[PDB]
$ cat structure.pdb   # PDB, C-alpha atoms
ATOM      1  CA  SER K   2      85.775 126.421  69.999  1.00  0.00           C
ATOM      2  CA  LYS K   3      82.781 124.827  71.744  1.00  0.00           C
ATOM      3  CA  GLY K   4      83.468 121.146  71.015  1.00  0.00           C
ATOM      4  CA  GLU K   5      85.133 120.163  74.312  1.00  0.00           C
ATOM      5  CA  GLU K   6      81.775 120.689  76.036  1.00  0.00           C
ATOM      6  CA  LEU K   7      80.470 117.625  74.133  1.00  0.00           C
ATOM      7  CA  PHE K   8      82.914 115.337  75.995  1.00  0.00           C
ATOM      8  CA  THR K   9      82.349 116.172  79.679  1.00  0.00           C
ATOM      9  CA  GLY K  10      80.343 112.980  80.294  1.00  0.00           C
ATOM     10  CA  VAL K  11      80.282 109.409  78.903  1.00  0.00           C
ATOM     11  CA  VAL K  12      79.745 109.340  75.127  1.00  0.00           C
ATOM     12  CA  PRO K  13      78.583 106.290  73.117  1.00  0.00           C
ATOM     13  CA  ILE K  14      80.889 105.247  70.264  1.00  0.00           C
ATOM     14  CA  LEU K  15      80.283 103.431  66.965  1.00  0.00           C
ATOM     15  CA  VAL K  16      83.117 102.200  64.720  1.00  0.00           C
ATOM     16  CA  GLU K  17      82.588 100.874  61.185  1.00  0.00           C
ATOM     17  CA  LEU K  18      85.471  99.630  59.045  1.00  0.00           C
ATOM     18  CA  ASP K  19      85.571  98.217  55.519  1.00  0.00           C
ATOM     19  CA  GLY K  20      88.881  96.595  54.641  1.00  0.00           C
ATOM     20  CA  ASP K  21      90.609  95.018  51.641  1.00  0.00           C
ATOM     21  CA  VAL K  22      94.142  93.644  52.142  1.00  0.00           C
ATOM     22  CA  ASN K  23      95.719  91.880  49.130  1.00  0.00           C
ATOM     23  CA  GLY K  24      92.153  91.268  47.957  1.00  0.00           C
ATOM     24  CA  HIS K  25      91.034  89.649  51.221  1.00  0.00           C
ATOM     25  CA  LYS K  26      87.955  91.707  52.136  1.00  0.00           C
ATOM     26  CA  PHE K  27      86.506  92.119  55.615  1.00  0.00           C
ATOM     27  CA  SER K  28      84.266  94.306  57.750  1.00  0.00           C
ATOM     28  CA  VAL K  29      84.503  95.203  61.450  1.00  0.00           C
ATOM     29  CA  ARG K  30      81.845  96.818  63.647  1.00  0.00           C
ATOM     30  CA  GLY K  31      82.530  98.081  67.154  1.00  0.00           C
ATOM     31  CA  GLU K  32      80.542  99.685  69.917  1.00  0.00           C
ATOM     32  CA  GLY K  33      81.226 101.005  73.401  1.00  0.00           C
ATOM     33  CA  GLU K  34      81.782 104.315  75.126  1.00  0.00           C
ATOM     34  CA  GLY K  35      84.388 106.966  75.804  1.00  0.00           C
ATOM     35  CA  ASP K  36      85.139 109.008  78.939  1.00  0.00           C
ATOM     36  CA  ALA K  37      87.418 111.883  77.922  1.00  0.00           C
ATOM     37  CA  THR K  38      87.701 113.212  81.487  1.00  0.00           C
ATOM     38  CA  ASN K  39      89.715 110.079  82.346  1.00  0.00           C
ATOM     39  CA  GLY K  40      91.026 109.447  78.809  1.00  0.00           C
ATOM     40  CA  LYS K  41      89.300 106.035  78.771  1.00  0.00           C
ATOM     41  CA  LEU K  42      87.809 104.068  75.849  1.00  0.00           C
ATOM     42  CA  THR K  43      86.077 100.687  76.231  1.00  0.00           C
ATOM     43  CA  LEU K  44      84.842  98.927  73.088  1.00  0.00           C
ATOM     44  CA  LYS K  45      84.114  95.496  71.665  1.00  0.00           C
ATOM     45  CA  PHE K  46      84.797  94.834  67.953  1.00  0.00           C
ATOM     46  CA  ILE K  47      83.249  92.076  65.807  1.00  0.00           C
ATOM     47  CA  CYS K  48      84.452  90.868  62.413  1.00  0.00           C
ATOM     48  CA  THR K  49      81.019  90.740  60.826  1.00  0.00           C
ATOM     49  CA  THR K  50      82.325  88.971  57.660  1.00  0.00           C
ATOM     50  CA  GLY K  51      83.637  85.974  59.599  1.00  0.00           C
ATOM     51  CA  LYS K  52      87.365  85.434  60.088  1.00  0.00           C
ATOM     52  CA  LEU K  53      89.590  88.514  60.209  1.00  0.00           C
ATOM     53  CA  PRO K  54      92.452  87.972  57.691  1.00  0.00           C
ATOM     54  CA  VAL K  55      94.922  90.232  59.558  1.00  0.00           C
ATOM     55  CA  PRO K  56      95.826  90.206  63.275  1.00  0.00           C
ATOM     56  CA  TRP K  57      93.571  92.260  65.528  1.00  0.00           C
ATOM     57  CA  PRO K  58      96.525  94.240  67.002  1.00  0.00           C
ATOM     58  CA  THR K  59      97.439  95.631  63.577  1.00  0.00           C
ATOM     59  CA  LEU K  60      94.084  97.454  63.489  1.00  0.00           C
ATOM     60  CA  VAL K  61      94.103  99.071  66.984  1.00  0.00           C
ATOM     61  CA  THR K  62      95.482 102.438  65.831  1.00  0.00           C
ATOM     62  CA  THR K  63      92.912 102.483  62.977  1.00  0.00           C
ATOM     63  CA  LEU K  64      89.808 101.568  65.008  1.00  0.00           C
ATOM     64  CA  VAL K  68      89.108 108.338  68.190  1.00  0.00           C
ATOM     65  CA  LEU K  69      91.638 110.775  69.600  1.00  0.00           C
ATOM     66  CA  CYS K  70      88.928 113.227  70.699  1.00  0.00           C
ATOM     67  CA  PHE K  71      88.686 111.077  73.870  1.00  0.00           C
ATOM     68  CA  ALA K  72      92.264 111.750  74.986  1.00  0.00           C
ATOM     69  CA  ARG K  73      92.716 113.424  78.371  1.00  0.00           C
ATOM     70  CA  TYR K  74      94.213 116.897  77.947  1.00  0.00           C
ATOM     71  CA  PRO K  75      95.322 118.466  81.262  1.00  0.00           C
ATOM     72  CA  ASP K  76      93.726 121.817  82.094  1.00  0.00           C
ATOM     73  CA  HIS K  77      96.958 123.633  81.234  1.00  0.00           C
ATOM     74  CA  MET K  78      96.858 122.043  77.752  1.00  0.00           C
ATOM     75  CA  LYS K  79      93.139 122.453  76.919  1.00  0.00           C
ATOM     76  CA  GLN K  80      94.052 124.956  74.177  1.00  0.00           C
ATOM     77  CA  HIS K  81      96.146 122.393  72.246  1.00  0.00           C
ATOM     78  CA  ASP K  82      93.252 119.917  71.769  1.00  0.00           C
ATOM     79  CA  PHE K  83      92.674 119.994  68.015  1.00  0.00           C
ATOM     80  CA  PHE K  84      90.482 116.875  68.010  1.00  0.00           C
ATOM     81  CA  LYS K  85      87.683 118.178  70.241  1.00  0.00           C
ATOM     82  CA  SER K  86      87.842 121.657  68.695  1.00  0.00           C
ATOM     83  CA  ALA K  87      86.695 120.229  65.358  1.00  0.00           C
ATOM     84  CA  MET K  88      83.544 118.724  66.887  1.00  0.00           C
ATOM     85  CA  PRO K  89      80.721 118.109  66.206  1.00  0.00           C
ATOM     86  CA  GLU K  90      81.618 118.626  62.520  1.00  0.00           C
ATOM     87  CA  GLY K  91      84.525 116.223  62.877  1.00  0.00           C
ATOM     88  CA  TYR K  92      87.842 115.695  61.209  1.00  0.00           C
ATOM     89  CA  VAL K  93      89.270 113.403  58.571  1.00  0.00           C
ATOM     90  CA  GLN K  94      92.050 111.095  59.775  1.00  0.00           C
ATOM     91  CA  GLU K  95      94.334 109.586  57.121  1.00  0.00           C
ATOM     92  CA  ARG K  96      97.296 107.264  57.609  1.00  0.00           C
ATOM     93  CA  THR K  97      99.700 105.106  55.752  1.00  0.00           C
ATOM     94  CA  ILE K  98     101.020 102.335  57.974  1.00  0.00           C
ATOM     95  CA  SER K  99     104.187 100.772  56.553  1.00  0.00           C
ATOM     96  CA  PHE K 100     105.089  97.362  57.937  1.00  0.00           C
ATOM     97  CA  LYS K 101     108.829  96.769  57.723  1.00  0.00           C
ATOM     98  CA  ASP K 102     109.762  93.966  55.297  1.00  0.00           C
ATOM     99  CA  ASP K 103     106.072  93.634  54.347  1.00  0.00           C
ATOM    100  CA  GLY K 104     103.141  95.591  52.899  1.00  0.00           C
ATOM    101  CA  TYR K 105     101.313  98.785  53.860  1.00  0.00           C
ATOM    102  CA  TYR K 106      97.838  99.907  54.927  1.00  0.00           C
ATOM    103  CA  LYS K 107      96.259 103.101  53.660  1.00  0.00           C
ATOM    104  CA  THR K 108      93.319 104.387  55.694  1.00  0.00           C
ATOM    105  CA  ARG K 109      90.842 107.245  55.506  1.00  0.00           C
ATOM    106  CA  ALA K 110      88.432 107.836  58.378  1.00  0.00           C
ATOM    107  CA  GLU K 111      85.731 110.358  59.233  1.00  0.00           C
ATOM    108  CA  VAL K 112      85.388 110.976  62.978  1.00  0.00           C
ATOM    109  CA  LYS K 113      82.310 112.993  63.881  1.00  0.00           C
ATOM    110  CA  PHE K 114      79.076 113.133  65.832  1.00  0.00           C
ATOM    111  CA  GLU K 115      75.925 111.563  64.369  1.00  0.00           C
ATOM    112  CA  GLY K 116      73.206 112.437  66.819  1.00  0.00           C
ATOM    113  CA  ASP K 117      74.472 111.682  70.315  1.00  0.00           C
ATOM    114  CA  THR K 118      77.026 109.093  69.106  1.00  0.00           C
ATOM    115  CA  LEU K 119      80.663 109.700  68.173  1.00  0.00           C
ATOM    116  CA  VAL K 120      81.153 107.705  64.950  1.00  0.00           C
ATOM    117  CA  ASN K 121      84.435 106.542  63.411  1.00  0.00           C
ATOM    118  CA  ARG K 122      83.885 105.360  59.809  1.00  0.00           C
ATOM    119  CA  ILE K 123      86.969 103.928  58.081  1.00  0.00           C
ATOM    120  CA  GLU K 124      88.040 102.641  54.676  1.00  0.00           C
ATOM    121  CA  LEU K 125      91.220 100.536  54.726  1.00  0.00           C
ATOM    122  CA  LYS K 126      93.232  99.169  51.765  1.00  0.00           C
ATOM    123  CA  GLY K 127      96.263  96.901  52.245  1.00  0.00           C
ATOM    124  CA  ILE K 128      98.822  96.338  49.502  1.00  0.00           C
ATOM    125  CA  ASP K 129     101.966  94.292  48.822  1.00  0.00           C
ATOM    126  CA  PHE K 130     101.778  92.009  51.847  1.00  0.00           C
ATOM    127  CA  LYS K 131     103.526  88.649  51.920  1.00  0.00           C
ATOM    128  CA  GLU K 132     101.000  85.833  52.229  1.00  0.00           C
ATOM    129  CA  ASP K 133     103.492  84.000  54.490  1.00  0.00           C
ATOM    130  CA  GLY K 134     104.416  87.147  56.457  1.00  0.00           C
ATOM    131  CA  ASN K 135     103.672  88.204  60.020  1.00  0.00           C
ATOM    132  CA  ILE K 136     100.417  89.920  58.983  1.00  0.00           C
ATOM    133  CA  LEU K 137      98.642  87.621  56.538  1.00  0.00           C
ATOM    134  CA  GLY K 138     100.292  84.677  58.333  1.00  0.00           C
ATOM    135  CA  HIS K 139      98.896  85.611  61.791  1.00  0.00           C
ATOM    136  CA  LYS K 140     102.272  85.432  63.573  1.00  0.00           C
ATOM    137  CA  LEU K 141     101.706  88.331  66.016  1.00  0.00           C
ATOM    138  CA  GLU K 142     100.921  88.091  69.706  1.00  0.00           C
ATOM    139  CA  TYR K 143      97.524  89.318  70.936  1.00  0.00           C
ATOM    140  CA  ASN K 144      98.716  92.327  72.935  1.00  0.00           C
ATOM    141  CA  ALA K 145      99.846  95.923  72.476  1.00  0.00           C
ATOM    142  CA  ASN K 146     102.815  97.845  73.866  1.00  0.00           C
ATOM    143  CA  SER K 147     102.454 101.306  75.387  1.00  0.00           C
ATOM    144  CA  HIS K 148     103.795 104.117  73.222  1.00  0.00           C
ATOM    145  CA  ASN K 149     104.137 107.897  72.896  1.00  0.00           C
ATOM    146  CA  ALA K 150     103.292 109.741  69.659  1.00  0.00           C
ATOM    147  CA  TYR K 151     104.354 113.324  68.982  1.00  0.00           C
ATOM    148  CA  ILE K 152     101.868 115.782  67.495  1.00  0.00           C
ATOM    149  CA  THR K 153     102.872 118.787  65.385  1.00  0.00           C
ATOM    150  CA  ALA K 154     100.644 121.410  63.816  1.00  0.00           C
ATOM    151  CA  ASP K 155     100.219 121.630  60.037  1.00  0.00           C
ATOM    152  CA  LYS K 156      99.499 125.302  59.364  1.00  0.00           C
ATOM    153  CA  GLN K 157      99.435 124.920  55.580  1.00  0.00           C
ATOM    154  CA  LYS K 158      96.437 122.547  55.925  1.00  0.00           C
ATOM    155  CA  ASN K 159      94.584 123.828  59.038  1.00  0.00           C
ATOM    156  CA  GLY K 160      95.341 120.590  60.856  1.00  0.00           C
ATOM    157  CA  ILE K 161      97.822 118.335  62.636  1.00  0.00           C
ATOM    158  CA  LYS K 162     100.292 115.636  61.689  1.00  0.00           C
ATOM    159  CA  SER K 163     102.145 112.892  63.517  1.00  0.00           C
ATOM    160  CA  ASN K 164     104.668 110.205  62.642  1.00  0.00           C
ATOM    161  CA  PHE K 165     105.302 107.394  65.096  1.00  0.00           C
ATOM    162  CA  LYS K 166     106.446 103.794  65.377  1.00  0.00           C
ATOM    163  CA  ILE K 167     104.302 100.914  66.602  1.00  0.00           C
ATOM    164  CA  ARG K 168     106.146  97.783  67.716  1.00  0.00           C
ATOM    165  CA  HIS K 169     104.188  94.530  67.432  1.00  0.00           C
ATOM    166  CA  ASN K 170     105.428  91.488  69.367  1.00  0.00           C
ATOM    167  CA  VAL K 171     106.007  88.439  67.129  1.00  0.00           C
ATOM    168  CA  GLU K 172     105.265  84.922  68.367  1.00  0.00           C
ATOM    169  CA  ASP K 173     108.956  83.973  68.021  1.00  0.00           C
ATOM    170  CA  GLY K 174     110.267  86.824  70.195  1.00  0.00           C
ATOM    171  CA  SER K 175     111.087  89.295  67.424  1.00  0.00           C
ATOM    172  CA  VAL K 176     109.364  92.645  66.873  1.00  0.00           C
ATOM    173  CA  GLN K 177     107.401  93.745  63.809  1.00  0.00           C
ATOM    174  CA  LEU K 178     107.750  97.470  63.144  1.00  0.00           C
ATOM    175  CA  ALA K 179     104.734  99.481  61.921  1.00  0.00           C
ATOM    176  CA  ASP K 180     105.642 103.004  60.760  1.00  0.00           C
ATOM    177  CA  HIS K 181     102.654 105.360  61.026  1.00  0.00           C
ATOM    178  CA  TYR K 182     102.316 108.575  59.029  1.00  0.00           C
ATOM    179  CA  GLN K 183      99.176 110.441  60.029  1.00  0.00           C
ATOM    180  CA  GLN K 184      97.323 113.609  59.025  1.00  0.00           C
ATOM    181  CA  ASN K 185      94.133 115.208  60.317  1.00  0.00           C
ATOM    182  CA  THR K 186      92.074 118.052  58.844  1.00  0.00           C
ATOM    183  CA  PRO K 187      88.663 119.403  59.853  1.00  0.00           C
ATOM    184  CA  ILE K 188      85.415 118.644  58.064  1.00  0.00           C
ATOM    185  CA  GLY K 189      83.553 121.878  58.789  1.00  0.00           C
ATOM    186  CA  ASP K 190      84.777 125.433  58.355  1.00  0.00           C
ATOM    187  CA  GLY K 191      84.620 126.642  61.970  1.00  0.00           C
ATOM    188  CA  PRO K 192      87.683 127.610  64.003  1.00  0.00           C
ATOM    189  CA  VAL K 193      90.066 124.900  65.198  1.00  0.00           C
ATOM    190  CA  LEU K 194      92.916 124.956  67.702  1.00  0.00           C
ATOM    191  CA  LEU K 195      96.382 124.395  66.264  1.00  0.00           C
ATOM    192  CA  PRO K 196      98.611 122.838  68.913  1.00  0.00           C
ATOM    193  CA  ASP K 197     102.181 123.520  69.964  1.00  0.00           C
ATOM    194  CA  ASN K 198     104.461 120.457  69.748  1.00  0.00           C
ATOM    195  CA  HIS K 199     103.413 117.814  72.309  1.00  0.00           C
ATOM    196  CA  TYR K 200     102.700 114.086  72.491  1.00  0.00           C
ATOM    197  CA  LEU K 201      99.961 111.594  73.303  1.00  0.00           C
ATOM    198  CA  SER K 202     100.676 108.740  75.722  1.00  0.00           C
ATOM    199  CA  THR K 203      98.738 105.532  75.070  1.00  0.00           C
ATOM    200  CA  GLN K 204      98.173 102.254  76.898  1.00  0.00           C
ATOM    201  CA  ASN K 205      96.085  99.311  75.679  1.00  0.00           C
ATOM    202  CA  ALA K 206      94.687  96.091  77.105  1.00  0.00           C
ATOM    203  CA  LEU K 207      93.271  93.467  74.721  1.00  0.00           C
ATOM    204  CA  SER K 208      91.023  90.648  75.904  1.00  0.00           C
ATOM    205  CA  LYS K 209      88.263  88.233  74.841  1.00  0.00           C
ATOM    206  CA  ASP K 210      84.601  87.969  75.841  1.00  0.00           C
ATOM    207  CA  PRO K 211      83.896  84.440  77.170  1.00  0.00           C
ATOM    208  CA  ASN K 212      80.364  84.425  75.714  1.00  0.00           C
ATOM    209  CA  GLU K 213      81.335  85.639  72.213  1.00  0.00           C
ATOM    210  CA  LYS K 214      81.717  83.080  69.426  1.00  0.00           C
ATOM    211  CA  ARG K 215      82.450  85.418  66.520  1.00  0.00           C
ATOM    212  CA  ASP K 216      85.975  86.657  65.766  1.00  0.00           C
ATOM    213  CA  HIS K 217      86.332  89.702  68.023  1.00  0.00           C
ATOM    214  CA  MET K 218      88.462  91.980  70.205  1.00  0.00           C
ATOM    215  CA  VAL K 219      87.661  93.578  73.560  1.00  0.00           C
ATOM    216  CA  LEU K 220      89.753  96.720  73.996  1.00  0.00           C
ATOM    217  CA  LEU K 221      90.438  99.088  76.867  1.00  0.00           C
ATOM    218  CA  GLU K 222      92.589 102.084  75.897  1.00  0.00           C
ATOM    219  CA  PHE K 223      93.893 105.156  77.768  1.00  0.00           C
ATOM    220  CA  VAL K 224      95.165 108.267  75.925  1.00  0.00           C
ATOM    221  CA  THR K 225      96.667 111.236  77.835  1.00  0.00           C
ATOM    222  CA  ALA K 226      98.298 114.381  76.452  1.00  0.00           C
ATOM    223  CA  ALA K 227     101.654 115.619  77.730  1.00  0.00           C
ATOM    224  CA  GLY K 228     104.836 117.392  76.658  1.00  0.00           C
ATOM    225  CA  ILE K 229     103.912 121.025  77.406  1.00  0.00           C
ATOM    226  CA  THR K 230     105.619 122.532  80.451  1.00  0.00           C
ATOM    227  CA  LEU K 231     103.506 123.933  83.297  1.00  0.00           C
ATOM    228  CA  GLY K 232     105.070 126.384  85.746  1.00  0.00           C
ATOM    229  CA  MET K 233     104.178 130.073  85.427  1.00  0.00           C
ATOM    230  CA  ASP K 234     100.409 129.357  85.745  1.00  0.00           C
TER     231      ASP K 234
END
$ encode --input "structure.pdb" --output "structure tokens"
Amino acid sequence: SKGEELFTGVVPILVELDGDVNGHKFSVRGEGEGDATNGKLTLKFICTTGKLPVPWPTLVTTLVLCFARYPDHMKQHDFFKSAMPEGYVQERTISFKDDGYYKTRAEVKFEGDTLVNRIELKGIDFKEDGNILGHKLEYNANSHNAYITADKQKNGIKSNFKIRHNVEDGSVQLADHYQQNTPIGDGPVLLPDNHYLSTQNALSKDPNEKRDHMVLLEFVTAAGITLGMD
């Protein structure tokens, strides 16, 4: 494919999300930029509808894996850039243990010079006194590895992985992610060999921002494929 050539420099990013969790509706808009050569994303997100009714950390995975850093010896296992600029659809169900579940559908693709991530989220069966709707989670994110496998029978990839949210009392809230990606256009796409993505996150606040918001720095790097015989 030709898509990886679109990511050799710094690329502006736009993220739009419409959400509805137990009937509490919200919207988020984010902007920033991505640097795939270093695997670096920097964005700021605003809840444009006022107060976000779920904790910001529960939305990190939902709010652009085409910016992951694939080492030169793994360039041929980079499904996400191969689908560009036509993009892919990213769908998850995120099951919170002893609580409800999100269902998400996103389109990730270029619109002009900007990589756009446009998401619809629905949340169902949450406890109004739980860790999610009750805002009992710490404002941070643990580093994690997520294994990718190809899905031949759909021309795409799939991944299942656990996210562990820190709870304000010292416990951990588990978030089981089931993910699937499929291309938008009909061009050729690379189907990877089993590997994983390695992710770190840092969440902060902008001193000058009054709205409900999240400043995010994220690093995503691909690994898991041996490199010896050139």
$ residues_around --input "structure.pdb" --residues "region 103-115 of chain K" --least-positions-apart "3" --cutoff "9 Å" --atoms "all atoms listed in the file" --output "PyMOL selection string"
chain K and resi 18+22+63+68+70+87-100+118-131+134-136+179+188
$ resolve_selection --input "structure.pdb" --expression "the PyMOL selection byres ((chain K and resi 149-163) around 12)" --output "VMD selection string"
chain K and resid 62 69 81 to 84 86 to 87 91 to 98 146 to 148 164 to 168 180 to 204 223 to 229
$ closest_residue --input "structure.pdb" --among "K:78, K:231, K:207, K:72" --to "residue 42 (chain K)" --atoms "only C-alpha atoms"
K:72
$ closest_residue --input "structure.pdb" --among "K:31, K:24, K:75, K:40" --to "residue 11 (chain K)" --atoms "only C-alpha atoms"
K:40
$ resolve_selection --input "structure.pdb" --expression "the PyMOL selection byres ((chain K and resi 219-221) around 6)" --output "ChimeraX atom specification"
/K:42-45,205-209,218,222
$ write_last_selection --input "structure.pdb" --atoms "C-alpha atoms" --output "PDB file, in the coordinates of the input"
ATOM      1  CA  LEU K  42      87.809 104.068  75.849  1.00  0.00           C
ATOM      2  CA  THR K  43      86.077 100.687  76.231  1.00  0.00           C
ATOM      3  CA  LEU K  44      84.842  98.927  73.088  1.00  0.00           C
ATOM      4  CA  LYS K  45      84.114  95.496  71.665  1.00  0.00           C
ATOM      5  CA  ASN K 205      96.085  99.311  75.679  1.00  0.00           C
ATOM      6  CA  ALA K 206      94.687  96.091  77.105  1.00  0.00           C
ATOM      7  CA  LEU K 207      93.271  93.467  74.721  1.00  0.00           C
ATOM      8  CA  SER K 208      91.023  90.648  75.904  1.00  0.00           C
ATOM      9  CA  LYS K 209      88.263  88.233  74.841  1.00  0.00           C
ATOM     10  CA  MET K 218      88.462  91.980  70.205  1.00  0.00           C
ATOM     11  CA  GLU K 222      92.589 102.084  75.897  1.00  0.00           C
TER      12      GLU K 222
END
$ closest_residue --input "structure.pdb" --among "K:117, K:132, K:234, K:102" --to "residue 14 (chain K)" --atoms "only C-alpha atoms"
K:117
$ axis_aligned_box --input "structure.pdb" --around "region 104-110 of chain K" --padding-each-side "4 Å" --output "JSON"
{"center_x": 95.8, "center_y": 101.7, "center_z": 55.6, "size_x": 22.7, "size_y": 20.2, "size_z": 13.5}
$ atom_distance --input "structure.pdb" --atom1 "CA of residue 21 (chain K)" --atom2 "CA of residue 140 (chain K)"
19.2 Å
$ atom_distance --input "structure.pdb" --atom1 "CA of residue 212 (chain K)" --atom2 "CA of residue 144 (chain K)"
20.2 Å
$ closest_residue --input "structure.pdb" --among "K:9, K:139, K:172, K:233" --to "residue 39 (chain K)" --atoms "only C-alpha atoms"
K:9
$ resolve_selection --input "structure.pdb" --expression "the PyMOL selection byres ((chain K and resi 215) around 9)" --output "ChimeraX atom specification"
/K:47-49,51-52,213-214,216-217
$ closest_residue --input "structure.pdb" --among "K:210, K:29, K:13, K:169" --to "residue 101 (chain K)" --atoms "all atoms listed in the file"
K:169
$ atom_distance --input "structure.pdb" --atom1 "CA of residue 53 (chain K)" --atom2 "CA of residue 133 (chain K)"
15.7 Å
$ closest_residue --input "structure.pdb" --among "K:230, K:28, K:2, K:23" --to "residue 60 (chain K)" --atoms "only C-alpha atoms"
K:28
$ build_atoms --input "structure.pdb" --residues "region 92-109 of chain K" --atoms "N, CA, C and O atoms" --output "short mmCIF file (atom, residue, chain, number, x, y, z; two decimals), in the frame of the given file"
data_model
loop_
_atom_site.label_atom_id
_atom_site.label_comp_id
_atom_site.auth_asym_id
_atom_site.auth_seq_id
_atom_site.Cartn_x
_atom_site.Cartn_y
_atom_site.Cartn_z
N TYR K 92 86.64 115.59 62.01
CA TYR K 92 87.84 115.70 61.21
C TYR K 92 87.99 114.44 60.37
O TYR K 92 87.36 113.41 60.65
N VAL K 93 88.82 114.54 59.35
CA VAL K 93 89.27 113.40 58.57
C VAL K 93 90.63 112.98 59.10
O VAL K 93 91.51 113.82 59.32
N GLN K 94 90.79 111.67 59.33
CA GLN K 94 92.05 111.10 59.78
C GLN K 94 92.55 110.14 58.70
O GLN K 94 91.85 109.18 58.36
N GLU K 95 93.74 110.41 58.17
CA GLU K 95 94.33 109.59 57.12
C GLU K 95 95.71 109.10 57.56
O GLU K 95 96.51 109.88 58.08
N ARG K 96 95.99 107.82 57.33
CA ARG K 96 97.30 107.26 57.61
C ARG K 96 97.77 106.41 56.44
O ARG K 96 96.97 105.89 55.66
N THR K 97 99.09 106.28 56.35
CA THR K 97 99.70 105.11 55.75
C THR K 97 100.50 104.44 56.86
O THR K 97 101.22 105.11 57.61
N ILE K 98 100.32 103.14 56.99
CA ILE K 98 101.02 102.34 57.97
C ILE K 98 101.91 101.38 57.20
O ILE K 98 101.40 100.49 56.50
N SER K 99 103.23 101.56 57.31
CA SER K 99 104.19 100.77 56.55
C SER K 99 104.79 99.71 57.46
O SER K 99 105.52 100.04 58.40
N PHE K 100 104.50 98.45 57.17
CA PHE K 100 105.09 97.36 57.94
C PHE K 100 106.46 97.03 57.35
O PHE K 100 106.58 96.83 56.14
N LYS K 101 107.47 96.99 58.21
CA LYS K 101 108.83 96.77 57.72
C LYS K 101 108.98 95.35 57.19
O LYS K 101 108.59 94.38 57.85
N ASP K 102 109.58 95.24 56.00
CA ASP K 102 109.76 93.97 55.30
C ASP K 102 108.43 93.32 54.95
O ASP K 102 108.30 92.09 54.97
N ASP K 103 107.42 94.13 54.64
CA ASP K 103 106.07 93.63 54.35
C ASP K 103 105.30 94.78 53.70
O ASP K 103 105.89 95.80 53.33
N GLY K 104 103.98 94.63 53.59
CA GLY K 104 103.14 95.59 52.90
C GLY K 104 102.76 96.81 53.72
O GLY K 104 103.36 97.10 54.76
N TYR K 105 101.74 97.53 53.24
CA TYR K 105 101.31 98.78 53.86
C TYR K 105 99.79 98.94 53.85
O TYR K 105 99.13 98.57 52.88
N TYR K 106 99.23 99.48 54.94
CA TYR K 106 97.84 99.91 54.93
C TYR K 106 97.76 101.37 54.53
O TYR K 106 98.63 102.17 54.88
N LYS K 107 96.68 101.72 53.84
CA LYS K 107 96.26 103.10 53.66
C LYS K 107 94.84 103.24 54.18
O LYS K 107 93.96 102.47 53.79
N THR K 108 94.61 104.23 55.04
CA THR K 108 93.32 104.39 55.69
C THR K 108 92.82 105.81 55.56
O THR K 108 93.60 106.77 55.56
N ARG K 109 91.50 105.95 55.44
CA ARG K 109 90.84 107.24 55.51
C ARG K 109 89.61 107.10 56.38
O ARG K 109 88.74 106.26 56.10
#
